[PDB]
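K.L.:
when you get a sec, could you give me coordinates for this:
(chains A and B)
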Amino acid sequence: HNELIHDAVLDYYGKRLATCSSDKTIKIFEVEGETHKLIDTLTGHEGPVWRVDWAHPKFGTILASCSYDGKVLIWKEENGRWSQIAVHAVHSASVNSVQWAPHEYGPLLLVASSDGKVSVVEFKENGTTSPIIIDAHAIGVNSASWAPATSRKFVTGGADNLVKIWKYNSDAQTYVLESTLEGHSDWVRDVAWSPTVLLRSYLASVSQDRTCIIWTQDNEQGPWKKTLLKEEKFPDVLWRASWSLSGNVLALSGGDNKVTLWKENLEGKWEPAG
Amino acid sequence: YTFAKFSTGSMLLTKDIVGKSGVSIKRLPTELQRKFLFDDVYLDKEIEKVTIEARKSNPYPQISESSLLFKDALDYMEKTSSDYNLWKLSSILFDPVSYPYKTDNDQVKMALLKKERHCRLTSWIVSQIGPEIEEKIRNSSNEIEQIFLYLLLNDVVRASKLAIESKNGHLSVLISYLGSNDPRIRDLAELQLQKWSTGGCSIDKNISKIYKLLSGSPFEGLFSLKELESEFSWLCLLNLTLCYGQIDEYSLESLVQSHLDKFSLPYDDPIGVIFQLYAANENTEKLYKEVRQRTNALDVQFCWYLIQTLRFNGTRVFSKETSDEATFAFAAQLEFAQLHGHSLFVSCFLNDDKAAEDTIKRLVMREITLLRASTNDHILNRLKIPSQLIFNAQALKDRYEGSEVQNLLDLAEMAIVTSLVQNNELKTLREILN
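P.N.:
Residues are numbered from 1 along each chain as shown, chains lettered A, B, ... in the order given. Please find the structure below.
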């Protein structure tokens, strides 16, 4: 019985899968092609676990999950036995996304809850949490993705149809908002920064209004460029939008039971692939 | 509701209520369709053809010498496949010819090299058009037409013979000139044609065609074979320009270009594309870019191989950015094919040192385990993968699976923690002192 898992994540080396469903449990599997052997079940949430997410193995085996009970739960495998080492629930509503930073930033976490907040939880020397939060969106935040870089930034997708790009500032000590972008007529479900250290940067912003805008910034200066992936509404509401590391392929999880794939061509416009 | 993100090992997990986990480990469909790529022998022999030097802005490997030739791939393909035709024709036009016999001066050498190349190209074209024309000769009901068709197969001798036999003797003699570029004969043939095409109550339809061949400008003309556009493979007519056409006065390139200027080729046809890139000489890249946005006849792998050959043989010039673009694209296709060693090898042909560094590093660390199996995987990590990167990656794989010599080469405190014999302690102390 597992009729509706909401999220699954793969580890750096892809040996250990972590699905999370609505029955609150987070199941860990030892994958091996056809055979993912169930190795664990983790019960510690008071509502459907929306998302799970491993951290960089530089930090051992850590997994921050966020669930409907408004609480972010950090887990850790310890000698082959899992244990909830920390927790961070400074959010007064259902926590939706949770995504670790680039490991060069430390062990930073990115939480994004319906109380219009998004936190960046550091784990200090005592391993204890150091929350520095910001208000992100009015009617709630559905997602928040990290950006790689070599001047840190992230993106957030809102319930007010916004897509925001925040940046760290030593003057403020809290992430200062630097640019917001408007293009959807309904809850911005998911937002994704692309890991392509190439000439430009790409953002795929899927939404409830069955659109997927792509914000391509020329460089550090010139603002973004709006590009409706295709100019027809998808047969059903879109949920997830993920970039590929090698290649800059875009995967779109629409509520129409297939996942589409879009690649950029020399026109600059995007074309299906599969 | 559905969910799907991309894996570290670039592949896709989706909601799937048919498995055990509630997700599906999907092997991403690879555009990379070319068999010999999945066999590791090809890759080994291909590394044997390269000289790797560390960068002048970082220690990461990048290619200094390449001896890759379109020629080399041919062993791994069927001589029957259209692919083989593409790679072969590409070899004929682009791979350097060698001329073993010593030559009085070097401009001579150049001339010989031109004749050789020309002869191989034209023998090959004749290989291709062969059956088309033989079919046409099968169905002809007129001898002079057959004579012409034999000229279409660049067989001067059988044209001459049939002429002789069909009692067309003078023509026969005339025929013997085809392929000597005697300008006297050229202007004389053209003259005869003007005289006919000014009065000339009637001249046989195929004798005029043959004279037009002797004229050296069979479409470029005023008795023009251009209308044969509708009766013959474009390649067949191009053969006519290349064989007769004015061989000596033109370079192979500007000759081919001359022909192409008279006839549009189908956008989708790749052997066409190769001729266009060959003729385009002065702006191959320009054309290549044009070819890119118009068709997909040239695949990711081929475009990369081409660019690289031309680069490393002085044959032609490509932007650092276009060569890197091609290289990225192919390396990526390869990584989608779980061909990490091969993607790694390709990644080295990057000009941009920063990007090479990142790509290489990222991949090695993410995929170290698989990249440390056989000797064909060893030569791999003996590309010039930086000592640091290799062990570092390997350190990460240990922390995550729960090493010390690598560390010797915060974290150190944690290692000391794990260690918590006397000889080992002493060795550690010595390492620290060092």
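
K.L.:
wasn't residue A:239 part of a strand?
P.N.:
Yes - assessed with DSSP: H, G, I helix; E, B strand; the rest coil, residue A:239 lies in a strand.

K.L.:
correct me, but it touches residue A:190?
P.N.:
Yes - with contact defined as CB atoms under 8 Å, residue A:239 counts as touching residue A:190 (6.4 Å). (C-beta placed from N, C-alpha, C; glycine too.)

K.L.:
mutual contacts of the two, please.
P.N.:
With CB atoms under 8 Å, 6 or more residues apart in numbering or on different chains applied, the overlap between the contact sets of residue A:239 and residue A:190 consists of residue A:206.

K.L.:
phi, psi for residue A:73 please.
P.N.:
With angles defined as degrees, to the nearest 10, residue A:73 sits at phi -110, psi 120.

K.L.:
scratch that, residue B:24 is what I was asking about
P.N.:
Backbone geometry at residue B:24, expressed as degrees, to the nearest 10, gives phi -130, psi 130.

K.L.:
look up how far residue B:299 lies from the residue nearest in space to the middle of chain B.
P.N.:
Nearest to the mean C-alpha position of chain B, counting by CA atoms, centre = their mean, stands residue B:306 at 3.9 Å. Counting by CB to CB, to the nearest Å, the separation of residue B:306 from residue B:299 is 10 Å.

K.L.:
then residue B:171?
P.N.:
Note on residue B:171: its distance to residue B:299, by CB to CB, is 47 Å.

K.L.:
could you do residue A:135 as well?
P.N.:
When CB to CB is the yardstick, residue A:135 and residue B:299 sit 50 Å from each other.

K.L.:
give me the more crowded residue out of those two.
P.N.:
With other CB atoms under 10 Å in any protein chain shown as the criterion, residue A:135 and residue B:299 differ in neighbour count, and residue B:299 comes out ahead with 19 against 12.

K.L.:
so what's that one up against?
P.N.:
Listed by CB under 8 Å, 6+ apart, the contact partners of residue B:299 are B:31, B:33, B:34.

K.L.:
just the helices from the stretch 201-350 of chain B, written as ranges.
P.N.:
With DSSP state H, counting those that start in this stretch as the criterion, the stretch 201-350 of chain B has helices at B:205-215, B:234-243, B:252-260, B:270-280, B:284-294, B:300-312, B:320-336, B:340-347.

K.L.:
can you give me the angle the fourth one makes with helix B:234-243?
P.N.:
Using axes from the mean of the first three to the mean of the last three CA atoms, to 10 degrees, the direction of helix B:270-280 lies 30 degrees away from that of helix B:234-243.

K.L.:
chain center to helix B:270-280: distance?
P.N.:
Here the centre of helix B:270-280 is set off from its chain's centre by 11 Å, with CA atoms, centre = their mean, to the nearest Å.

K.L.:
what separates residue A:93 from residue A:71, distance-wise?
P.N.:
Distance from residue A:93 to residue A:71, counting by CB to CB: 11 Å.

K.L.:
the more surrounded of those two?
P.N.:
Here residue A:93 and residue A:71 are compared on neighbour count by other CB under 10 Å; more neighbours surround residue A:71, at 20 against 14.

K.L.:
gap between the more buried one and residue A:46?
P.N.:
With distances taken as CB to CB, residue A:71 is found 7 Å from residue A:46.

K.L.:
what's the answer for residue B:347, then?
P.N.:
Between residue B:347 and residue A:46 the distance is 47 Å, computed by CB to CB.

K.L.:
compare these two (neighbour count), which wins?
P.N.:
Under the criterion of other CB under 10 Å, the comparison of residue B:347 against residue A:46 puts residue B:347 first, with 28 against 10.

K.L.:
among the contacts of residue B:299, name the buried ones.
P.N.:
Neighbour-count burial (16 or more other CB atoms under 10 Å in any protein chain shown) is assigned, among the contacts of residue B:299, to residue B:31.

K.L.:
which among the contacts of residue B:299 are in contact with chain A?
P.N.:
Taking CB under 8 Å from any CB of the partner chain, the overlap between the contacts of residue B:299 and the neighbourhood of chain A is residue B:31.

K.L.:
reformat the contacts of residue B:299 as a markdown table; add secondary structure.
P.N.:
As requested, those are arranged in a markdown table below (three-state DSSP):
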| residue | secondary structure |
| --- | --- |
| B:31 | coil |
| B:33 | coil |
| B:34 | coil |
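
K.L.:
what angle do the helix or strand where residue B:124 lies and helix B:270-280 make?
P.N.:
Residue B:124 is part of helix B:106-139, with elements assigned from DSSP states H and E. Between the direction of helix B:106-139 and that of helix B:270-280, the angle (the same axes, to 10 degrees) works out to 150 degrees.

K.L.:
distance between the helix or strand just after helix B:106-139 and the chain's centre?
P.N.:
Moving toward the C-terminus from helix B:106-139, the next helix or strand (DSSP H and E) is helix B:143-152. On the basis of CA atoms, centre = their mean, the separation between the geometric centre of helix B:143-152 and that of its chain is 35 Å.
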